[PDB]
Amino acid sequence: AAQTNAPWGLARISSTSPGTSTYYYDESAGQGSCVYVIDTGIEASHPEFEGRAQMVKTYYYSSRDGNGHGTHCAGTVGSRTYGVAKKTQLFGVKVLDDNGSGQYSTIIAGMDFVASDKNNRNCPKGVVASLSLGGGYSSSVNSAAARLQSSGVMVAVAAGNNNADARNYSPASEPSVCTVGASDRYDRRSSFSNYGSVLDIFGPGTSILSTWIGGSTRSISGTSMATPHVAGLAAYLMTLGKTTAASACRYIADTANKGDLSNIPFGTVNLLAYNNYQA
């Protein structure tokens, strides 16, 4: 399939070169996969989700996304227009309050929740978790992410937006999960993107157009925004049978566009997520 005039990120993930606008993807589009978006929630009522989004868990008075970020990232994963995996099931876990903040314990609980909750869900093609959040290093945050991964969830996490080595951030620094840097549409490391040896992959992260609360759309920037591209990609790949949750990060890195990004520090992988779809 070909989505014309797609957000540049989507186009980029299905391209060997930057500067194209069409997203190409196998129509299966992640059908039969599930992606948990562990974030501020998801406005499931957004027509862009087509009833494939729902909130499964909140740690706050409401499960509504009163921030937008989770909605935005869910959109990148799987909205019909702005999403990588346009037929995936999105599950919202609101670990972040409407200011975008959450205690690590909540976040940890959220991650453990997903690890269990997937057993309540129909996800024959596999399960992904998209964590577009980040704080300073925490071994317990890392270990939660590692449990989640170990449970058989493909965990994609944001490297962080500190223009620093992601070793000092969590869950970014957890080696077993997929730590995602951000690139811009000219194939530059995003100026805010964290880097370092813990990075597994880059995705589109600067100026990412996706769904927003109030039934709207907006463009924002962050490794937070790259993460869902990789999560969506994993869900897409898993649906195609190309990989599994345990190996998805490695598979994406193996099949990434190599050496295409500029301003990647020495020691950091030069790998841009790529669907390898051949139309």
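Bear in mind the residue numbers are our own, running from 1 along each chain as written, so they may not match the entry, and residues with no coordinates are left out. Excluded from the side-chain calculations are hydrogens and water; all other atoms, namely the structure's heavy atoms, are used.

Digging into the packing of aromatic side chains
A ring pair, where both rings are aromatic, is described by two values, the distance of the centres and the angle of the planes. Test applied: By convention, a stacked pair of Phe, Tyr or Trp rings (six-membered ring in the case of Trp) has centres within 6.5 Å and planes under 30 degrees apart, an edge-to-face pair has planes over 60 apart, and any other such pair is tilted. Helix numbers and strand numbers start at the N terminus; a helix is a DSSP run of H or I with at least 4 residues, a strand a run of E with at least 2. Three labels apply to residues, based on accessible area from a 1.4 Å probe with only protein chains included: buried if under 20% of the type maximum, exposed if over 50%, partly exposed otherwise in between. Two limits define a charge over a ring: the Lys NZ or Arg CZ must be within 6 Å of the ring centre, and within 35 degrees of the ring normal.
With the rule as written, the count across this model stands at two aromatic pairs. Residues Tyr-36 and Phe-91 carry aromatic rings whose centres are separated by 5.0 Å and whose planes lie at 50° to one another, so their mutual orientation is tilted. Placement of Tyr-36 in strand β3 (residues 33-39) and of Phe-91 in strand β5 (residues 89-94) is noted, with a sequence separation of 55 residues between them. Pair check on accessibility: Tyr-36 and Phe-91 agree, each one buried. Its guanidinium or amino end placed over the ring of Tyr-59, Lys-57 lies 4.7 Å from that ring's centre, counting from NZ or CZ.

Focus: unusual backbone geometry
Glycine aside, the phi torsion of most residues is negative, and most peptide linkages are trans. The omega angle of the peptide bond from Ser-170 to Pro-171 is 5°, so this bond is cis rather than trans. Along the chain, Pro-171 turns up in the loop between β9 (169-170) and β10 (178-183). We note that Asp-187 has phi near 65°; this positive angle belongs to a residue other than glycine. Mapping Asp-187 onto the fold places it in the loop between β10 and β11 (201-204). Backbone geometry at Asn-276 places phi at a positive 60°, although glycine is not the residue there. Examined against the element boundaries, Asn-276 turns out to sit in the segment after β15 (271-272). Given a relative accessible area of 36%, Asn-276 falls into the partly exposed group.

Brief notes about the packing of helix α2 (residues 69-78) against helix α5 (residues 223-239)
Heads up, the condition is: Inter-axis angles, ranging from 0 to 180 degrees, are taken between N-to-C directions of lines fitted to C-alpha atoms, where helices are fitted over the stretch in contact. When the near helix sits turned anticlockwise from the far one by under a right angle, the crossing is termed left-handed; a clockwise turn instead gives a right-handed crossing. Here, residues are in contact when the closest pair of their heavy atoms is within 4.5 Å. All amino acids are sorted into three groups, where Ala, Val, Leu, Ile, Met, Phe, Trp, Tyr, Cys and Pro are nonpolar, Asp, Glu, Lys and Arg are charged, and the leftover types, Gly among them, are polar.
α5 packs onto α2 with a crossing angle of 35° between their chain directions and a minimal axis gap of 7 Å. Like other packed secondary-structure pairs, α2 and α5 cross with a definite hand, here right-handed. Only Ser-224, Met-225, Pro-228, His-229, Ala-231 and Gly-232 of α5 make contact with α2, whose side of the interface consists of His-69, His-72, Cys-73, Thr-76 and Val-77. Of the residues assigned to the contact of α2 with α5, the class counts are five nonpolar, six polar and no charged.

As for the state of the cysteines
Under the convention used in this document: Working definition: a disulfide is two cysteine sulfur atoms within 2.5 Å of each other.
Under the counting rule described, the total for this entry stands at two disulfides. The side chain of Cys-34 participates in a disulfide bridge whose partner is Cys-123; the two sulfur atoms lie 2.0 Å from each other. Taking the torsion about the sulfur-sulfur bond, which here is approximately -95°, the covalent link between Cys-34 and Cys-123 counts as left-handed. Taken together, the residues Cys-34 in strand β3 and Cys-123 in the loop between α3 (104-117) and β6 (126-131) connect sequence positions 89 residues apart. On the basis of relative accessible area, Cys-123 is assigned to the buried category, the value being 11%. Each sulfur in the disulfide pair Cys-178 and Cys-249 lies 2.2 Å from the other. Of note, the bridge from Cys-178 to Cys-249 carries an S-S torsion of about 75° and is right-handed in sense. Residue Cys-178 is located in strand β10, and its partner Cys-249 is located in helix α6 (residues 248-255); the two are separated by 71 residues in the primary sequence. In terms of burial, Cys-178 and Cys-249 fall into one category: buried.

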